[PDB]
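>>> just to be clear, this is only the beginning of the complex, oriented as in the whole thing:
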Amino acid sequence: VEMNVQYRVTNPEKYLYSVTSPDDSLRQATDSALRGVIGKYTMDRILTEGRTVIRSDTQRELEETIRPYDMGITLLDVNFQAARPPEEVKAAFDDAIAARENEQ
């Protein structure tokens, strides 16, 4: 799974005098929130149907997580990039599609 997050910075006093390296803290928080969100949902729904609820849950979780830090960062958009399975099972997925064609 990969994810991209776009954010702005407001009230620079908070950004400068609250947390050391706020960007790294936000990256760690984003990774934690993404792990927590993906943990709850099943694989196939993440692959195909949940790609909208996954992002919606991740953005809310990140906003709730970075609240105590009181960093100056405000959040614009959290967008879900790709949730491809590993290559080894990707071979099996391609084999399944070829199996459908062979069945015909």
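Sure thing, it's come through. Numbers count the residues shown, from 1 in each chain, chains lettered A, B, ... in the order given.
>>> in chain A, what residue spans correspond to strands?
Taking DSSP state E, the strands of chain A run over residues A:2-9, A:73-82.
>>> which one of the ones you listed lies nearest to residue A:101?
strand A:73-82 (25.3 Å; C-beta to C-beta). Placement of C-beta: from N, CA and C, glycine included.
>>> which residues sit against that closest one?
With C-beta atoms under 8 Å, 6 or more residues apart in numbering as the test, strand A:73-82 has contacts from A:1-10, A:15, A:22, A:26, A:51, A:54-55, A:58-59, A:62-63, A:66.
>>> same check on stretch A:13-32?
For stretch A:13-32, contacts defined as C-beta under 8 Å, 6+ apart pick out A:3, A:5, A:7, A:9, A:62, A:65, A:66, A:69, A:70, A:71, A:72, A:73.
>>> how far does it stretch from start to finish?
With C-alpha to C-alpha, to the nearest Å as the measure, stretch A:13-32 spans 26 Å from end to end.
>>> next one: that stretch to chain centre, how far?
17 Å (C-alpha atoms, centre = their mean, to the nearest Å).
>>> same thing with stretch A:84-98?
Between the centre of stretch A:84-98 and the centre of its host chain there is 23 Å, according to C-alpha atoms, centre = their mean.
>>> ditto for stretch A:54-68
Here stretch A:54-68 is found 10 Å from its chain centre; the criterion is C-alpha atoms, centre = their mean.
>>> what do you get for stretch A:28-40?
Centroid separation for stretch A:28-40 versus its chain: 7 Å, with C-alpha atoms, centre = their mean.
>>> while you're at it, add chain B from this line:
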Amino acid sequence: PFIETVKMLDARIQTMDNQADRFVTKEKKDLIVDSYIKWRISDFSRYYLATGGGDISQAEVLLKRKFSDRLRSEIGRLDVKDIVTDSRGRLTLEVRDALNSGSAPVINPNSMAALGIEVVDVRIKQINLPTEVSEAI
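Adding chain B to the chains above:
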């Protein structure tokens, strides 16, 4: 002199093409999609502020990041037959509408209108299959 500098931003429509990438349909059928986007600058000051220095590549990066998400979210609900048989470009039009107007005269922060970018057209160039599926076909 020596006080005012000038930055030039081209108002002509810019074309950004996406290389081959894999998408997952509703039946886990992997597809390889080539698509291009055409965008113009709406607010030159806002676009210059949002992208550091008004560089075109910086705006193209954000456009890529959002467009990939919306396109994957739209394809996830569709059949490969639904995608190939689509001739009115309904999914592309919906993707363009989502890119131009985001989700929450208010302007949503996740919309491209929050930046100085307006998407005028989204089209798909070619839809291919993985080499194994193509060989089976």
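>>> mind redoing the contacts of strand A:73-82 now chain B's in there?
The contact list for strand A:73-82 (C-beta atoms under 8 Å, 6 or more residues apart in numbering or on different chains) reads A:1-10, A:15, A:22, A:26, A:51, A:54-55, A:58-59, A:62-63, A:66, B:65-66, B:68-69, B:72-73, B:102, B:109-110, B:114.
>>> equivalent analysis for stretch B:107-119, please.
With contact meaning C-beta under 8 Å, 6+ apart, stretch B:107-119 is reached by A:76-77, B:37-51, B:59, B:62-63, B:66, B:96, B:99-103.
>>> and the buried ones among the contacts of strand A:73-82, selectable in PyMOL?
The buried residues among these can be selected in PyMOL (16 or more other C-beta atoms under 10 Å in any protein chain shown) with this line:
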select buried, (chain A and resi 3+4+5+6+7+15+22+26+51+54+55+58+59+62+66) or (chain B and resi 65+66+68+69+72+73+102+109+110+114)
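>>> just the ones of the contacts of strand A:73-82 in helices?
When DSSP state H is applied, the contacts of strand A:73-82 are split such that A:15, A:22, A:26, A:51, A:54-55, A:58-59, A:62-63, B:65-66, B:68-69, B:72-73 fall in helices.
>>> now, which of these sits nearest residue B:30?
Of all the ones in helices among the contacts of strand A:73-82, residue B:30 sits closest to residue B:72, with 12.3 Å by C-beta to C-beta.
>>> let me know whether that closest one touches residue A:50 as I believe.
No. In this structure residue B:72 lies outside contact range of residue A:50 using C-beta atoms under 8 Å: 11.7 Å.
>>> residue numbers of chain A in contact with chain B?
Residues of chain A lying near chain B by C-beta under 8 Å from any C-beta of the partner chain: A:4, A:6, A:44, A:47-49, A:51-52, A:55, A:76-77, A:79-84, A:90, A:93-98, A:101-102.
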